[PDB]
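Chemist: Here the sequence shown stands for residues 227 to 273, 276 to 294, 296 to 300, 304 to 322, 324 to 328, 332 to 471, 474 to 497, 504 to 530, where the numbers follow mature numbering (1 follows the signal peptide of the UniProt record, and there is no 0). The C-beta atom is built at its ideal place from N, Cα and C for all residues, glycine as well. Got a structure here, written out as structure tokens. Questions coming.
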Amino acid sequence: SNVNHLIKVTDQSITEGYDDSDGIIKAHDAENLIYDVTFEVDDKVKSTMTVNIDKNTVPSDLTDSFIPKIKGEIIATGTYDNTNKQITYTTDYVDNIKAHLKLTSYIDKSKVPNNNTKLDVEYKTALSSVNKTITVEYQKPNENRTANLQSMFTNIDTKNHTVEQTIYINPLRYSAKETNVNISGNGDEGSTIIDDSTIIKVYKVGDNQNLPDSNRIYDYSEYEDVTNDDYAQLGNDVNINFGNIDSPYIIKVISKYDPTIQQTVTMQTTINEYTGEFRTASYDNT
């Protein structure tokens, strides 16, 4: 049964992942929240207790399928339930115990869509908890005249060796003529492999629709898939021809990598209809 009441918390903590950003979680830089807990297990405990991460967070950022346990001695095993951000630890071992858990967690973009979002995160252990206040700061779109875009890695499959990159195109809603986007796997720090195997989906943002600053889409279902391989021609890069556009578009890209991962997007636009003179904006992820 539930022994939450037999768990004696002796030390709790919410530590920011990076040391040059106190009070602020640079989510797009991948600043994680580390929950450190130390507690005493009463002897009456037999061969379950609970632990909760802040409602506005999740076990992993680049992975949707993500749960430690205490010990070579095995003190306990748990079960994660995202419906209520609650882990559940259940051994014959318990048959004076002390344990400490260091849990890492990330801002749940599906709930923190906008930037400069001030949140009062709290993590629970048994019947003890601890509070901290921080503000979630996301990224801004780069721009050069009518060119503008931004991108973010959104998922990583270590098994199959793949990464996902959600790109925003013309988010500020400019009238970009002759618009061209190029996704290159050849980077100044790492890389990715753009080939015939690379998957390119594309969606057009409605007039009523607003992209999420979290620069992450959870329900592509809602936007108009406008994917047409005819406009995607290979080049370690790939070019996409949008031409004259006035709306924001979404470019989801699944690609392969070497088993040092960087993907670079560039949006080019024609500033002089009579000349052919272009300007260019870029965004890379690492």
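1) Would the region 240 to 255 count as touching the region 343 to 363 if we require 3 or more Cβ pairs under 8 angstroms?
2) When the distance is taken between beta carbons, is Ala308 closer than 9 angstroms to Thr322?
3) Compare the Cα-Cα distances from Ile405 to each of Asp328, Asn316 and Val509 and report the closest residue.
4) Can you name, in chain order, every residue of its own chain whose Cβ lies under 6 angstroms from the Cβ of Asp461, other than the five neighbours on each side?
5) Alpha carbon to alpha carbon, how far is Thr434 from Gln507? Give it in angstroms, no decimals.
6) Which residue marks the beginning of the beta strand (DSSP E) containing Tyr454, and which one marks its end?
7) Would you mind giving the Cβ-Cβ distance between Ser227 and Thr276, rounded to the nearest angstrom? I have them listed as a contact below 8 angstroms.
8) Hey, out of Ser420, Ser411 and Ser288, whose CA is closest to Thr382's CA?
9) Just how far apart, CA to CA, sit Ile251 and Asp328?
10) Rounding to the nearest angstrom, what Cα-Cα distance links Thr428 and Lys494 in this structure?
11) Three or more beta-carbon pairs under 8 angstroms between the region 519 to 528 and the region 445 to 453, yes or no?
12) Quick one: give me the first and last residue of the beta strand (DSSP E) that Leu355 is part of.
13) Would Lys395 pass as an interface residue toward chain D - the criterion being a Cβ-Cβ separation below 9 angstroms?
14) Going by other Cβ atoms of all chains shown within 10 Å of its Cβ, with 16 needed for buried, is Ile306 buried or exposed?
15) Look up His231 in the DSSP assignment and say whether it is helix, strand or coil.
Modeler: Short version:
1) yes
2) As a first step, residue 322 is located in the sequence shown; it is residue number 90 there, counting from the start. As a first step, residue 308 is located in the sequence shown; it is residue number 76 there, counting from the start. Their beta carbons are under 9 angstroms apart, which means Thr322 touches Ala308 by this criterion.
3) Start at 1 with the first residue of the sequence shown, and residue 405 comes out as number 169. Here the closest residue by C-alpha is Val509.
4) Along the sequence shown, read from residue 1 onward, the residue named residue 461 stands at position 225. If we look at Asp461 and ignore the five residues flanking it on each side, its Cβ neighbours are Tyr439.
5) To locate residue 507, count along the sequence shown from 1; it is residue 263. To locate residue 434, count along the sequence shown from 1; it is residue 198. Roughly 12 angstroms separates the two Cα atoms.
6) The residue labelled residue 454 in the question sits at position 218 within the sequence shown. Note, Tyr454: premise wrong, no beta strand (DSSP E); not H, not E.
7) Stepping through the sequence shown from its first residue, residue 227 is reached at position 1. Stepping through the sequence shown from its first residue, residue 276 is reached at position 48. Right, the Cβ-Cβ distance comes to about 7 angstroms (below 8 angstroms), so this counts as a contact.
8) Locating residue 382 in the sequence shown gives position 146, counting from the first residue. If we check each option's Cα against that of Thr382, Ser411 comes out closest.
9) As a first step, residue 251 is located in the sequence shown; it is residue number 25 there, counting from the start. As a first step, residue 328 is located in the sequence shown; it is residue number 95 there, counting from the start. C-alpha separation (whole angstroms): 42 angstroms.
10) Taking the sequence shown and counting its residues from 1, one reaches residue 428 at position 192. Taking the sequence shown and counting its residues from 1, one reaches residue 494 at position 256. Distance between the alpha carbons of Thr428 and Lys494 is about 6 angstroms.
11) no
12) Position 119 of the sequence shown, counted from the first residue, corresponds to residue 355. Unbroken beta strand (DSSP E) run through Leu355: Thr353 to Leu355.
13) Reference to chain D is not applicable here, since this structure consists of a single protein chain.
14) Counting from one through the sequence shown, the residue named residue 306 turns up at place 74. By the neighbour-count rule (16 or more Cβ atoms within 10 Å), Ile306 is not buried but exposed.
15) Looking up residue 231 in the sequence shown gives position 5. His231 falls in the helix class under three-state DSSP.
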